[PDB]
């Protein structure tokens, strides 16, 4: 339960390795969480960075209410899904500036993601809190500092 530097480093290592995630948004009509799969990396300061189709369901939800959840799992893990390490973030979405360096970092890390680069937009998901599940035993509660550096 008690957060250690080891727990902090696993959380940071998951974010550095992340190419995709499950994104939680609030359905405007009903306020029920909409859970969709997204391309997700970090930018320079290690803050989660999403690439969304600007008029898709999850992008429209964000436009109306920027409250956002992320699940980040180890994509390479083998065996039972429930023993994979995974990080839950509670955050707020913010449209991310134009940047030549950003649109390039992203391709070096995800080549496939040329198809997307149009109507496609970067969002920073600024963390408030985090839940680390290491694959076994009890989770760690994380602050925003715990996840970033």
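Numbering follows the first chain given and starts at 1.
According to the record, no deposited residue between residue 35 and residue 36 is left without atomic coordinates.
Look at the C-alpha B-factors of 52-60 and of 94-102. On average they run higher in 94-102. Averaged over CA atoms, B-factors in the entry run higher in 130-138 than in the other of 130-138 and 19-27.
Note on 40, 85, 115, 70: the highest value goes to 115, judged by CA B factor as recorded.
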